[PDB]
Every structure is written in C-alpha cells, then in structure tokens.
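Peer 1: part one of the complex, untouched from its place in the assembly:
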Amino acid sequence: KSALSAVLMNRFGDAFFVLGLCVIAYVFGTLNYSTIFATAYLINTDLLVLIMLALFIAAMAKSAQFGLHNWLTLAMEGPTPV
Amino acid sequence: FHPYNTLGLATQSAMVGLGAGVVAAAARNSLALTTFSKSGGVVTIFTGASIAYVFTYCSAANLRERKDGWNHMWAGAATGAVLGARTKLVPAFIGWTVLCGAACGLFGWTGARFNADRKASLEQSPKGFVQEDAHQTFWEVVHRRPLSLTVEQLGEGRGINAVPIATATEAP
Amino acid sequence: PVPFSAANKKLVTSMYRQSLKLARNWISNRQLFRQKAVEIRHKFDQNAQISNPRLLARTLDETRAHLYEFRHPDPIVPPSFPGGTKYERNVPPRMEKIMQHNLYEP
Amino acid sequence: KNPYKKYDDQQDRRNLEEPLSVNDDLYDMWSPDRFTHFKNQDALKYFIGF
Amino acid sequence: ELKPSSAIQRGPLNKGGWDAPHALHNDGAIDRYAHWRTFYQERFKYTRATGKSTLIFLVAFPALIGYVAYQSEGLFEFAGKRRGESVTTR
Amino acid sequence: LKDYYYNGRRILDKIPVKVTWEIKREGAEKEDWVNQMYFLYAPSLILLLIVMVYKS
Amino acid sequence: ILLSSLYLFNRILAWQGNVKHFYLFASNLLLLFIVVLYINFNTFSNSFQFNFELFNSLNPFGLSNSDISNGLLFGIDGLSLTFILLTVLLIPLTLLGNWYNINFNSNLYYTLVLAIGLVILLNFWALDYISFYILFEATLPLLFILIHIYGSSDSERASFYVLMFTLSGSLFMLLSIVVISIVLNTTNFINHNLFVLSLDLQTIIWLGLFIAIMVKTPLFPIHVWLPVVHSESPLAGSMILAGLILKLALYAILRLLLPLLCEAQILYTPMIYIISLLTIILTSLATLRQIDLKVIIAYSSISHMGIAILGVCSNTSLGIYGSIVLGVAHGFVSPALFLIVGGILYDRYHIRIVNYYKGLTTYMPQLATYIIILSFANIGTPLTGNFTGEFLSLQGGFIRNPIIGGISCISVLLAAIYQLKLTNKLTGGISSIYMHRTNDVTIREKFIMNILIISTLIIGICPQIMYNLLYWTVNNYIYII
C-alpha cells in the first residue's frame, strides 16, 4: 500500500511534468537545454509561467513538498538501506 | 418567415384530434355508450397529442422566427410529455419527453416529410463538376474552392489564414 | 450492571489493562509512568465496592469517557504483531505440490 | 476488525463464505486506509485552521 | 404414428478432455457478489442519486467541455511568442 | 498413442521412453510448435528489424 | 499452385486430423511474404505500389488490365504497410496462444481465427470505399460464431453485442458511403482528395462516418459493448479484437475521413475533442471499480484509443505520428495483457474475479515479473512505444487546443491508478487461500510474451525506425492553408 501511494503521487507529478514537456516542445520547438537556455530571455512571460508551474508541480511531488508529501513518510516501509 | 397563427391552427388540430379519437374509440368498441366507458382514454390521447404538438410547434416557430427541425424537436418533446404523463412515473415521463423529442427532431431534420421533396433531391438537381467560375450549389463538386469562401465559412485561425504562410512571409 | 459478577470482572479488568496501556503510551519517562500507574491503581481501588446499579453504571460510563478522552494516536505495538513493522515480513511460503491444469502442457 | 481474532485469510481478516457488501471493494483491506483518531470533519477543521 | 426414423442411432455428447484437478476453491459468497456486480444493469432504477449522477456526467460535464472547446477554438498560438506579444489571437 | 503417452506422462510424472517409464525429465523434450515458430517466425522478425533499420 | 496446395491441405488434414500445424505454417509464410514486400517497397514516393483489381467484368476470376475499372481495388502505401506488418506479426501468435486449451471442434476454431486474421489483413489493402466496407463487415459473422461457440459462460450475450453494436455503426457508415458513391460516382482512395464537396454536404457525410468511428473505436458514450465482448471472448478473439480490430478504426479515420471531408473535419474537431476527453477521463475512472480481470484490461484499451483519437485529429504531423505509434504499441501490449489474464490465469484457475487472486509472486515469480513489466508498459513508461505514442499524441492535442490537451495530460495519472492498483493486488500479499499452486508460465506463453515485449521495447527506444514508411503520411492529411 505504501509503494502504491508513492508511485501514484509521483505519477501525479509526472502528469504535470508531461504537460510541461508538451508546452516546452510547442513553445521552443525542442527539448534541448542549449536552445531553451539560449532563447529563454526573449519568450513571453505567460508561457514561461505556464511551463514553470507545471515543472514545479512535478518537482513538488518529487521533493515531497506539503502539497504532495504523504508518500515520503510511507516510504519507510522499505528496508533501511533503501 | 411570416408567423403561424398559433391559436387558429391549434383549434383546427383540436378538432382533428377529437374526430380521430372518436374514430379510434368506435373501432376499439367494434374490435373488442360503453365505447367511451371502455375506450381506454384514446379520445384524450389523440386530443392531447394533437393540441400539444401543434401548439408547441407553432409557438416555437413563431418565437425563433425560423422553420427547421428544432421546432419539431420541441413539439415532439411536448407530445412525449403528454403521452408519458399517462405512466404517472417521473423516469418514464422524462424518457418519453426526451426520446419523442429526439425522434421528431430527427424527422424535422430530414425535411419533416415522409415522402421526398422532389425538386431539391439529387436526381432533380444540378450535379457533377461545375463549369468555369459558377457558385457551388449543394450537390455540385469542384477541384478547387475559393479561399475567401473557406475563410468565411470555417473562420479565421487554427491554420486558416487569408494568405498562404510562405507567400506572406516571403522577404521583399 | 452487577456490583460483583464474572462479567463485571472481565469488563473492569479489560478497562484497567487499557488504562495502563494508555498511561505507558502517553508518558515517555519511566518514573513518571510509575506514579501514573500507582495513581490509576488507587483510583480503581476507591470505587471498587460500588453496589447500587445507578451509581456503578454512571461510574463505568464516566471512566469509559475518560479513557476515550485519553486515547493515544499511535499505541506501542511490538514489531512482530498486527500493528508492528515486522508483521508479515518474509512470511515463509506454504509448502505445496503443483497441481496440473493441462494434459499436454505443464 | 481487530487483528487478534483468527481468520481463514488472516491478511484479509475474512472467513470463508462470509457475505460481502455490495460496495465491498471500498471496505476490504486493500481499501484506502481509514484513521479513527479525529472525525473526518474535525480533521478538516484542523487542516484548514493550520 | 408419426415418429422419427428408427434408422437413427443417438449417443451422448461428451466433450472429452482431461478432467484437471480443481485448483480453485470456489467461495459462494464471492460468486454471488460477483454475479450481483456483473449484472447490475438488469436491476438499475432511476432514483434521486442515480438520476443525479446521470444528469451530472451525461449532461453537465459534456456541456462544460463543449463550451470550453468551442469558445477556445483558434484562440491560442504559442510557437515562438516573445515578450510584449499577445499569445491570444482574439 | 497420443492419449496413452500424455495420460501416463501426466498421472505418473514419468516419461515413456527408455522401455519402462523413467523419470529422466531433464531434456529430450520438444514441443511441436517450437520447430515452426523458432525456425521461421523468429528469423522473420529478425529480418523485419534488419530491413527497417536499413530502410531507415 | 493453388490446386497443388489444396491437395497438400487435404492430405495433411486426412493424415494428421488437426489443421492447426498447417495454419501456423501458412501464417508464417504470409509474414515472410509481407517482409519480402517491404524489402521491395519504394519509400521515396507517396503512391500506392502493389496494386491489383478483382472482380472486374473482363476478368471476374482474375486480375484486370482493362481500360475500364469496375471491380474492387487493392494496394498499399506506407500507412497501410505499417498496420499490415503489425497484423502479420500478430496472427501466428494468435494461433499459438490457444495451442492446447481448445480440445473440441478445434479445426473449426482455428479456421475461424485464421479467417478473421486474413480478413483484417485484406481490409488494410482495400483502396476504395466499397471494398473497405465489405471487408470491414466480413468479420462480424466470424466473430459472432467464434464467440458463441468457444466463449465463456456469458458468451451468448457477448456474441449478440459484438454483432449488433458494430452493425449499428456500420450501417450509418453505409449511408455516408452511399451518399459519396451517388454524389461522386467514384469510390477510390487514390484521388478522393481531388473532389471538393460543398461544405453542407461534407458536414452531413461526416456524421455517418463518425458514428461508425464512435462505435468501432469505441468512444464515449457507446463503449459499453467492448468490455463484455472482451470478457466473454476466447483468447484468440480477445487478442485479435484488442490488437487489430480497434486499429481498424484509426486507419478508418486516416484513410476514409480526413482526405475527403477536410473542411467539415475542421468544423467538427472541437466536438471530437469533447468526445475524446470524455472517453479518457470517464472510462479511466470507471475502471477503478471493476472486479473482473479481463474487464479491467478491456477498459484500459478504450482510454488508450481516446488518446489515439486526440492525436489523430490534431491537424499536426506530430499528432498523427503519435496516433500511429500508439496504435502499434497498443497492438503489442494489450494482446500481452489479455494473454496473461485470459490465457494463463484463466486456463489455470477458470475464474476472472479479482478477489480470488492475491500474492502470485511466491509460487510464480516469472509470471509476476511479466505482469510488472507489461503493466508499466501499458501505463506508458518511456523506452516503450506506448510512451512515445501518448507523448506525441498529447503534443498534437495540446497544440490543437491547449486547454483540452492540458487537461488530457491527466491520463498519465489515471492509467497509473487503475493498472497499478490491479498489479499491486495480483503480485503481492500472501498467496491466496482460495487457489492452489500451479505451474509457472510455460515456454510457449513466455515465447509469446517475449515477442510482444521486445517489439514494444524496440519501437520505444528508437521510434524513428517507423519513419521511413510514414514520413509522407504525416503530411498527407493536415489541412493548413
């Protein structure tokens, strides 16, 4: 049950990450770091806010911020080295 | 669009429905003063269906100032409401309403006729490829349509533009 | 509601057990837990001889309310038991023979 | 269901031929965990208050 | 006097095959629960709750999505939009 | 013959070779589907992959 | 040849008594033949290549070289070639997955299975509306008979569903096809984008075509037949139905609808997006409260088809490529899951209720590994073709309509929920008390599942390997002025 909780919450983060990937590909035409960082400063700020909100929701799930954190304390069901 | 006279047409429909219910009652009697006692309310069935359909149809047509299948959809909804009130159950009432409305809306969409409108039909219409620069009629086909017609019908955006992109973005 | 019966016995012994488990769960310090246990003992001792039905029923109800007021979010449970963290961990397999399901294929 | 009674399937705390509620899948062991300490409404009050 | 031909010899339909040992211990309660859930459509009735879920999911939700999808058609263009520029076309 | 072979092999856990019913189940077992599949279907998928890679 | 080969078939039947070896051999030959065709297929051309015509009046029983073409047309381009390769890959596995569990009228069963496979394969070759429709309906009698005779307990209702729902949609498809026939007097797919019908007529024809697509894909709200038909079908029926017959719908959109009714499609696209978002969200949620294994696997396919549709009507090259790749990956993965639930577990225990199953890892670790791999593949793990398809489809959908596509990105989560909720209970816990120990997955079952897994992995790590066949197609259907 703890494993299911963790995988599902991180899949929530991943759904928002996929939303972010779609918008990045549409807006910049690519996923490479070099191009995105080369042409970031010229992009409309609403689009950047959309991208960054999606990616931040993903990282929030991953980094167990208070929105998506319950799995963090269920994960100690696994072995201590894990 | 000039109006239907809702009051008059509904009155004639009341008369027709009453007569039809009378005929159905006489038949019902013959097949089974008791004719109306053992009628099963068929006179009321006919009268109510007639008044509901005609009144709602004319009402809707006058209010929307249009003549199309939607008026028949409303009228079928009213007729189904009348016929499903006889069940005395809310689910059945709703089902009669929506389904009779849908069936009559389909009927009105196809032309509100059981036989065909011969002059509008494909067999009696200009068909095939059109000539030099003629306007497209319903059954005719071309090899290329005018871009202004596309922009007006479909609407601007979503890749629909007045000018092809490559032409518009050409440098000089 | 008997003043002294086997069912009364079982009920009050269970409640007294409970009270003690609650006290252990609530108090981290051992010495302090000891004084809480002895106070709980004295409090049960005092009301031991109640006889009339109304007063005994009221006292039992009130003590149930007290225990419910002082229930702990997470009781201490050893690892190998239902609430425990070892529970069902590496459950040894049931030793079994394979039943076949198909004449041609294992 | 207290876990010290014996059951035919101890992990699911079910005995054989026990009748199943129509909404059983919401009440078995695999169902989302329920917590008894605070009432649901009360826990909502605390969460929103914090 | 009307009887099938005596010429016909009828035997049993046997399906053959190897009767495997029965590897599942059927639980009657589970089977009844499964049958009830499987044929729930035969017993469905329109009530206040059931009608409420019907009118939500088959009517209200489609209407919401339709309003969104027809209101927003062609509204956005994002490819390479820069600062100060409108991401909206209308 | 099929029936006798497989019924014995299933209700004895013994193979009908070697001639009285030995237990030597390690090897000498070939199912009938394996020749066709392994020697035609698998090469065909390998060929498809090669062709796609080189048509790319 | 045909006379001699018929003699060979007859003799093999008389001596061996079970046709199934001959059918397996035949299907493998067909696969090899299609691969030879792929070798000789020119990819630097957007023209149909291996053309032939049947039932022409000058030569009713042969091929036609006449200057008047009144027969049925067949031929392939890259788009048809992709699905044909998928079909010939899947057919022998469909034969093999029932190699031992059919012990009665087995010859008839294998005949029906191979006939259905051949019908679908030929359907992909069709080049005009009438032959497409003919081969599109020809499966329904075979599916009806197969499901009725070789199905599980509730198979009669299943057979009636699979016939009736598909007929219901197909007849409205027939209305649209009849309108096209009488308006254009042509039916071919070769030059049907050259005819520009009036917008109103396009809007009317589109309705019949899309009603057929709703029933066959399926899409919400007329999807309720599929879970039944799947659960009571025998394994071959379920594998074929999930892996090919649904992709027939997507191929139908691309081939019949988009080139002819472009402007009407542009008008109707938001309605399509409403229906696809409905099917994704609502069927994914409804999957949570199912108690049958095969029913849950069936419900998964509908959601993946919803994502496919969102991709294919996106009016972008990426969306179409994603829809195709997702179709192929689904044709790899879903037959594998159906193999598990309806051929391994069902043939060992003859039950499909979820409550009975638990903790299968202890006795059958290999089956548990297969379940884990296939489930993470089904929910769209990268380096699997399913992920590429869902990602590209979602890109196209987000471009076509940012709000609707953004909301559709919830499919990743929803798919994870139902699939992992299933596999959690199946793999772990203490071994069930209701069932006893049985054999682990055998060599045949492992062979089939390995084929499907390696196929999906190969196209998941390098989805580009399909591009040589599809780079014309990704431009042949998008409508930008």
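Peer 2: That came in fine, so what should we check first? Numbers count the residues shown, from 1 in each chain, chains lettered A, B, ... in the order given.
Peer 1: Please count neighbours and contacts with C-alpha atoms only from this point.
Peer 2: OK.
Peer 1: ok, longest helix in chain A?
Peer 2: helix A:2-28 (DSSP state H).
Peer 1: quick one: residue G:25 and residue F:35 touch, right?
Peer 2: No - when contacts are counted by CA atoms under 8 Å, residue G:25 is not listed as touching residue F:35 (10.3 Å).
Peer 1: Are the longest helix of chain A and chain C in contact anywhere?
Peer 2: No - judged by CA under 8 Å from any CA of the partner chain, helix A:2-28 makes no contact with chain C; its nearest approach is 12.6 Å.
Peer 1: What's the separation between the residue of chain E found nearest chain C and chain F?
Peer 2: As assessed by CA to the nearest CA, chain C sits closest to residue E:20 within chain E, at 5.3 Å. Remark: distance between residue E:20 and chain F (CA to the nearest CA, to the nearest Å) = 10 Å.
Peer 1: just residue G:59 next, same as before
Peer 2: Counting by CA to the nearest CA, the gap from residue G:59 to chain F is 35 Å.
Peer 1: For that residue, grab the count of nearby residues.
Peer 2: Counted with other CA atoms under 10 Å in any protein chain shown, the neighbours of residue G:59 add up to 14.
Peer 1: How about the one 3 residues further on?
Peer 2: Here the number of neighbours of residue G:62 (other CA under 10 Å) works out to 13.
Peer 1: In contact with the residue nearest to it when sequence neighbours are not counted: list those residues for me.
Peer 2: Spatial nearest neighbour of residue G:62, chain neighbours left out: residue G:54 (6.4 Å); criterion: CA to CA, 6 or more residues apart in numbering or on different chains. Neighbour list for residue G:54: G:60, G:61, G:62, G:63, G:64, G:71, G:72, G:73 [criterion: CA atoms under 8 Å, 6 or more residues apart in numbering or on different chains].
Peer 1: circling back to that earlier point, how many other residues sit next to the residue of chain E closest to chain C?
Peer 2: Here the number of neighbours of residue E:20 (other CA under 10 Å) works out to 12.
Peer 1: which residues does the closest residue to it other than its chain neighbours contact?
Peer 2: Spatial nearest neighbour of residue E:20, chain neighbours left out: residue C:101 (5.3 Å); criterion: CA to CA, 6+ apart. Applying CA under 8 Å, 6+ apart to residue C:101 gives the contacts E:20, E:21, E:23, G:347, G:348, G:438.
Peer 1: okay, now chain H:
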Amino acid sequence: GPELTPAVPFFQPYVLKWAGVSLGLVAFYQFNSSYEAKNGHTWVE
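Peer 2: That brings us to chain H, laid onto the chains above:
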C-alpha cells in the same frame, strides 16, 4: 561462511539464445558498415 546451494551452469539455453542473437546482430551491423566503407554501398542495400 554462508551456506551453499546446488551448482548451476553459467550458460543457460536462454543466455545462449539471447546473447548469440544480440551479438550476431551487432556483428552484422558492423560488417555492413565496413562493407559500405569498402564497396561504397552496404551489403544489405
């Protein structure tokens, strides 16, 4: 010292099959690339 379960050969049938196929495919790829470099077109083309 931990206990010792029975011996098992390193190279199983599946090891042989999968390793042989994969290595043969890589060798075939390299052979085609080299045969391209010399003949000016790959042996498969």
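Peer 1: what do you get for the neighbour count of residue E:20 once chain H is counted?
Peer 2: Around residue E:20 there are 12 residues (other CA under 10 Å).
Peer 1: List the contacts of it.
Peer 2: Taking CA under 8 Å, 6+ apart as the test, what residue E:20 contacts is C:100, C:101, C:102, C:103.
Peer 1: Relative to chain F, which of those residues is nearest.
Peer 2: residue C:103 (6.4 Å).
Peer 1: In this model residue E:18 seems to touch that closest one, though I could be wrong.
Peer 2: Yes - counting by CA under 8 Å, residue C:103 touches residue E:18, with 6.2 Å between them.
Peer 1: The two: which has the busier surroundings?
Peer 2: residue C:103 (19 against 13).
Peer 1: now residue G:116, nearest residue through space, not along the chain?
Peer 2: residue G:139 (5.8 Å).
Peer 1: same thing with residue G:56?
Peer 2: Sequence neighbours aside, residue G:71 is the residue nearest to residue G:56 in space, at 4.1 Å (criterion: CA to CA, 6+ apart).
Peer 1: Wait, the one you found touches residue G:59, no?
Peer 2: No - using CA under 8 Å, residue G:71 is not in contact with residue G:59, being 9.4 Å away.
Peer 1: which one's the longest helix in chain B?
Peer 2: helix B:6-31.
Peer 1: Who are the packing partners of that one?
Peer 2: The elements that helix B:6-31 packs onto, with contact taken as 3 or more CA pairs under 8 Å, 6 or more residues apart in numbering or on different chains; DSSP states H and E, are helix B:34-37, helix B:42-64.
Peer 1: For the residue nearest to residue G:116, which residues are in contact?
Peer 2: G:116, G:119, G:120.
Peer 1: Then the last one would be within a helix, right?
Peer 2: Yes - the secondary structure assignment for residue G:120 places it in a helix, going by DSSP: H, G, I helix; E, B strand; the rest coil.
Peer 1: State the number of residues packed around it.
Peer 2: The number of residues packed near residue G:120 is 23, by other CA under 10 Å.
Peer 1: Now for it: which residues touch it?
Peer 2: Applying CA under 8 Å, 6+ apart, we find residue G:120 in contact with G:87, G:135, G:136, G:139, G:244, G:245.
Peer 1: Check whether the third one sits in a helix, strand or coil.
Peer 2: At residue G:136 the chain is in helix, as set by three-state DSSP.
Peer 1: No further questions, thank you.
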